[PDB]
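Enquirer: Here is the sequence, then the experimental structure:
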There are 4 protein chains.
Amino acid sequence: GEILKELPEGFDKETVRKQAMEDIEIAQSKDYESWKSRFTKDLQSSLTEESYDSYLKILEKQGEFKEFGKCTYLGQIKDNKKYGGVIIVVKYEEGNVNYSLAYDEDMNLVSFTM
Amino acid sequence: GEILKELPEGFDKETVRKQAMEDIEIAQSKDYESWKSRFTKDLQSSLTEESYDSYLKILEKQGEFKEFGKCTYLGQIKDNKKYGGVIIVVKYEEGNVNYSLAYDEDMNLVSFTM
Amino acid sequence: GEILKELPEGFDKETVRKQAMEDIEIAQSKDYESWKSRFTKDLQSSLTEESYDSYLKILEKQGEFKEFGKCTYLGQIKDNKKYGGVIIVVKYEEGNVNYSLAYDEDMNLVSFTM
Amino acid sequence: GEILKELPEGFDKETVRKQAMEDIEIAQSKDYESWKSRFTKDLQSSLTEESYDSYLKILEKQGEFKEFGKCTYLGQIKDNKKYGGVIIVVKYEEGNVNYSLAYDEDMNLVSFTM
Ligand SMILES: [Cl-]
Ligand SMILES: [Cl-]
Ligand SMILES: [Cl-]
Ligand SMILES: [Cl-]
Ligand SMILES: [Cl-]
Ligand SMILES: [Cl-]
Ligand SMILES: [Cl-]
Ligand SMILES: [Cl-]
Ligand SMILES: [Cl-]
Ligand SMILES: [Cl-]
Ligand SMILES: [Cl-]
Ligand SMILES: [Cl-]
């Protein structure tokens, strides 16, 4: 495998930033089924509502969403497949939070971490 | 804050790689209290044995430890404090696993992810 | 000193990209004095018209400017001062050329390489 | 094409660091023909003794070689071929100098800059 300090081939910054902002808004909506639907078909059945509700508990403590900040792009080659990652700053009333999201080439989530 | 694509000042690759290999060996030992003791004093009380046992469940499915592989170094500046990170390949009988570890300047864990 | 795999603090990607494209256009204009004036005061005396004319000779062999491509951002800390760098793709009729430009915090050139 | 913030596949850090230090020592030896011979066959005809002697003039002003410092690894994909790069610190009596060297997969120089 490989860890990349930029996006892999086939990914582009603007598409990744735009999808990450939409996917964080879907996570903040508290709609578990819409958030689950943003993951690759093969990983959806690996997700739980309990784990999502634990994220919502921590999320509520941040206060109101204020703005999106800077993006840091990364990548990974795992089992000859490419994954594009982004560390995006989300500014809440109680402070800045760094989200880590990763996508497959079809732009569906493989990972989502607050 | 800042996301860095190398270690911050005050960290060095050899020290970080050596500590990451020791800390992954302590995690594989199944000794929860020794593993907990490797985290910064302020984060120890945030850890649970249940979360560590969930890691041990996933770890057991990998088979026997075979070797350490390549290291990828990263960093973060959060609330004017520096954190050194490493993505290290751990080769098990069932395949390669990428661990993500982060340290404070005193070389105690702030994050540990399989 | 430090070589960084991102811009240092005080530099912004969008500002760097705009200045790099402007500065490469000034270099392509064949106006030596305007190009020289884009460098920090301390480095102006170090530049020669002969060296700039050698660049123009190599530049003419590329054909017509077609487009700017992708940017790769880097940085450097040298004698406690911060320098923001960019590797920018310049697409000419005869092919792609990677320019390396570096700036001081006042957004004046410290380095320019075709 | 691609600019990478790590070595491409097929390159190893330790091999690159050893070759870069060897190649900088050959450059410092003032042996033009040995230095030229370290470049890929296609690029040898492009080198001049005059350009190498200009480097030797600047090199002599640095004083005695003291030590090699840190390495920063980069890469490039150009016309579907992979190139591994290193920015290596060379500490001279008069101060630190950052050399930029790039290699093809056969570990022959494609670029050498002081
Ligand atoms: Cl691409
Ligand atoms: Cl892009
Ligand atoms: Cl340091
Ligand atoms: Cl180091
Ligand atoms: Cl900044
Ligand atoms: Cl920026
Ligand atoms: Cl002149
Ligand atoms: Cl080039
Ligand atoms: Cl490899
Ligand atoms: Cl390596
Ligand atoms: Cl000659
Ligand atoms: Cl330098």
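Expert: Now that the structure is in, tell me what you want to look at. Numbers count the residues shown, from 1 in each chain, chains lettered A, B, ... in the order given. Ligands and ions are numbered 1, 2, ... in the order given.

Enquirer: For the rest of this, base every contact and every neighbour count on C-alpha atoms.
Expert: Will do.

Enquirer: Which residues are in contact with residue A:79?
Expert: Residues in contact with residue A:79 (Cα atoms under 8 Å, 6 or more residues apart in numbering or on different chains) are residue A:1.

Enquirer: Tell me if the top helix by length along chain A is near ligand 2.
Expert: As assigned by DSSP state H, the longest helix anywhere in chain A is helix A:13-28. Yes - Helix A:13-28 reaches ligand 2 (Cα under 5 Å from the ion) through residue A:13.

Enquirer: list the buried ones in the next helix or strand after that helix?
Expert: On the C-terminal side of helix A:13-28, the closest following helix or strand by DSSP states H and E is helix A:32-36. For helix A:32-36, the neighbour count (16 or more other Cα atoms under 10 Å in any protein chain shown) marks A:32, A:35-36 as buried.

Enquirer: With stretch A:9-18 instead?
Expert: Quick answer for stretch A:9-18 (16+ other Cα under 10 Å): A:11, A:13, A:16-17.

Enquirer: end-to-end on it?
Expert: Using Cα to Cα, to the nearest Å, the end-to-end distance of stretch A:9-18 comes out at 18 Å.

Enquirer: Identify the residues contacting that stretch?
Expert: A:7, A:71, A:73, A:82, A:84-86, A:88, A:105, A:107.

Enquirer: mind checking how far residue A:16 is from residue A:100?
Expert: From residue A:16 to residue A:100 the distance is 12 Å (Cα to Cα).

Enquirer: shared neighbours of those two, anything?
Expert: A:85-86.

Enquirer: Contacts only, for the most centrally placed residue in chain A.
Expert: Centroid-nearest residue in chain A: residue A:101, 2.8 Å away (criterion: Cα atoms, centre = their mean). Neighbour list for residue A:101: A:20, A:85-87, A:109-113 [criterion: Cα under 8 Å, 6+ apart].

Enquirer: that older thread, just put the buried residues of helix A:32-36 in a markdown table and tack on distance to residue A:54.
Expert: Putting these into a markdown table (distance: Cα to Cα, whole Å) gives the following:
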| residue | distance to residue A:54 |
| --- | --- |
| A:32 | 12 |
| A:35 | 14 |
| A:36 | 15 |
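
Enquirer: Secondary structure element holding the closest residue to residue A:88 other than its chain neighbours?
Expert: Ranked by Cα to Cα, 6 or more residues apart in numbering or on different chains and with sequence neighbours excluded, the top spatial neighbour of residue A:88 is residue A:71, at 4.5 Å. Assessed by DSSP H and E, residue A:71 sits inside strand A:65-78.

Enquirer: Give me the buried stretch members for that strand, please.
Expert: By 16+ other Cα under 10 Å, the buried positions in strand A:65-78 come out as A:65, A:68, A:71-76.

Enquirer: Need the contact partners of the helix or strand just after it.
Expert: Using DSSP H and E, the helix or strand that follows strand A:65-78 towards the C-terminus is strand A:81-92. Residues outside strand A:81-92 that contact it (Cα under 8 Å, 6+ apart) are A:7-9, A:11, A:16-17, A:20, A:62-77, A:96-105.

Enquirer: Following the chain onward from strand A:81-92, which element is next?
Expert: Going down the chain from strand A:81-92, the next helix or strand is strand A:95-103, by DSSP H and E.

Enquirer: Now find how far off-centre that next one is within its chain.
Expert: Relative to its chain's centre, strand A:95-103 lies at 6 Å (Cα atoms, centre = their mean, to the nearest Å).

Enquirer: partners of it, with directions?
Expert: Paired with strand A:95-103 in the same sheet, following DSSP bridges, are strand A:81-92 (antiparallel), strand A:109-113 (antiparallel).

Enquirer: Show me which of the buried residues of stretch A:9-18 is closest to ligand 1.
Expert: Proximity of the buried residues of stretch A:9-18 to ligand 1 (Cα to the ion) peaks at residue A:11, which lies at 5.5 Å.

Enquirer: Grab the CA positions of stretch A:93-109 and hand them over as CSV.
Expert: Output of stretch A:93-109 as CSV, limited to C-alpha atoms (Å, rounded to 0.1, in the frame of the first residue of the first chain):
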residue,chain,number,x,y,z
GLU,A,93,-19.2,28.6,18.4
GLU,A,94,-17.1,26.7,21.0
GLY,A,95,-14.1,26.5,18.6
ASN,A,96,-12.5,24.9,15.5
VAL,A,97,-12.9,21.1,14.8
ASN,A,98,-10.8,19.1,12.3
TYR,A,99,-12.9,16.6,10.4
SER,A,100,-11.1,13.7,8.5
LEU,A,101,-13.1,12.3,5.6
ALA,A,102,-12.0,9.7,3.0
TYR,A,103,-13.6,8.8,-0.3
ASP,A,104,-13.4,6.1,-2.9
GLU,A,105,-13.2,7.2,-6.6
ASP,A,106,-17.0,7.2,-6.9
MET,A,107,-17.0,10.0,-4.2
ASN,A,108,-18.7,7.9,-1.5
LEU,A,109,-17.3,7.9,2.1
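
Enquirer: touching ligand 1 at all, it?
Expert: No - shown here: stretch A:93-109 not in contact with ligand 1 (Cα under 5 Å from the ion), separated by at least 10.8 Å.

Enquirer: Run the chain-centre distance for that stretch.
Expert: Worked out by Cα atoms, centre = their mean, stretch A:93-109 lies 2 Å from the chain centre.

Enquirer: Buried residues, that stretch. List them.
Expert: For stretch A:93-109, the buried set under the neighbour-count rule, 16+ other Cα under 10 Å, comprises A:96-104, A:107-109.

Enquirer: mind checking how far the closest residue to ligand 2 within chain A is from residue C:102?
Expert: Closest to ligand 2 within chain A is residue A:12: 3.7 Å, counting by Cα to the ion. Residue A:12 sits 24 Å away from residue C:102, going by Cα to Cα.

Enquirer: Check residue A:43 too.
Expert: As for residue A:43, its distance to residue C:102 is 43 Å (criterion: Cα to Cα).

Enquirer: picking up where we left off before, present the contacts of residue A:101 as JSON lines; the columns should include distance to ligand 12.
Expert: Formatted as JSON lines, these follow (distance: Cα to the ion, whole Å):
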{"residue": "A:20", "distance to ligand 12": "38"}
{"residue": "A:85", "distance to ligand 12": "32"}
{"residue": "A:86", "distance to ligand 12": "31"}
{"residue": "A:87", "distance to ligand 12": "30"}
{"residue": "A:109", "distance to ligand 12": "41"}
{"residue": "A:110", "distance to ligand 12": "41"}
{"residue": "A:111", "distance to ligand 12": "40"}
{"residue": "A:112", "distance to ligand 12": "40"}
{"residue": "A:113", "distance to ligand 12": "39"}
